[PDB]
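In what follows, a single structure is set out as structure tokens and then discussed.
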Amino acid sequence: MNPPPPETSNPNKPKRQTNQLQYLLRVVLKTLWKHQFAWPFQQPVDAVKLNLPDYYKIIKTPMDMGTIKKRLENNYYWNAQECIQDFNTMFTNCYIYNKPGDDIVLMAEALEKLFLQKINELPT
Ligand SMILES: CCN(CC)S(=O)(=O)c1ccc(O)c(NC(=O)c2[nH]c(C)c(C(C)=O)c2C)c1
């Protein structure tokens, strides 16, 4: 069945507000969230509902934009690179589990390109 979703808070970790973190939420995440192809990435893969019994056998480091959004809202991330890493993991999982030309792969590609375009303008 499904694992618990990734942690979206850490009570043991100090919190900070930064221009980069705020940009990641309000510009980067927000723009990807609203793309027509965002929906498969807005929540963890529900392998039970979707009947994908091997998904969590193959994908041991799941990640999704719903988790990333909550992490940003919760100040889970101290370093902006942590957030960027989570995006990378999310896209990479898609390329691990699926095949060239699958709908989901084409959707990930479009989102990843948009991600690159938005991160390009990450503030210093
Ligand atoms: C419409 C309502 N849903 C979304 C809110 S849904 O019912 O959960 C729903 C219905 C049908 C679906 O095909 C999905 N698919 C996915 O989400 C999804 N995402 C990723 C990253 C993958 C893989 C395998 O990489 C898959 C299969 C989700």
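Position 1 is the first residue of the sequence; numbering continues from there. Remember, it's 1-based here, ligands and their atoms both numbered in the order they're listed.
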Would you tabulate the polar-atom pairs, meaning N/O of ligand 1 against N/O of the protein, with distances under 3.5 Å, reported to 0.1 Å?
{"residue": "ligand 1", "atom": "7 (O)", "partner": "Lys49", "partner atom": "NZ", "Å": "2.9"}
{"residue": "ligand 1", "atom": "8 (O)", "partner": "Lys49", "partner atom": "NZ", "Å": "2.6"}
{"residue": "ligand 1", "atom": "17 (O)", "partner": "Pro40", "partner atom": "O", "Å": "3.3"}
{"residue": "ligand 1", "atom": "19 (N)", "partner": "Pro40", "partner atom": "O", "Å": "2.8"}
{"residue": "ligand 1", "atom": "25 (O)", "partner": "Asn98", "partner atom": "ND2", "Å": "3.0"}

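Pairs passing the ring-ring contact (aromatic ring centres under 6.0 Å, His included) check and including a residue from residues 53-83, sequence neighbours excluded, read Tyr55-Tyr97. Screening residues 25-52 for ring-ring contact (aromatic ring centres under 6.0 Å, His included), with sequence neighbours left out, gives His35-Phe37. Note on residues 42-69: pairs passing salt bridge (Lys or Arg N to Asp or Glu O under 4.0 Å), not counting sequence neighbours, are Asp54-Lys57.
By the rule that hydrophobic residues join a cluster once side-chain heavy atoms approach within less than 4.5 Å of another member, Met63 and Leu52 end up as members of separate clusters.
Atom CD1 in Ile68 sits 11.5 Å away from atom CD in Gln42 (nearest 0.5 Å).
In summary, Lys13 and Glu82 engage in a salt bridge, as defined by a charged side-chain N under 4.0 Å from a carboxylate O.
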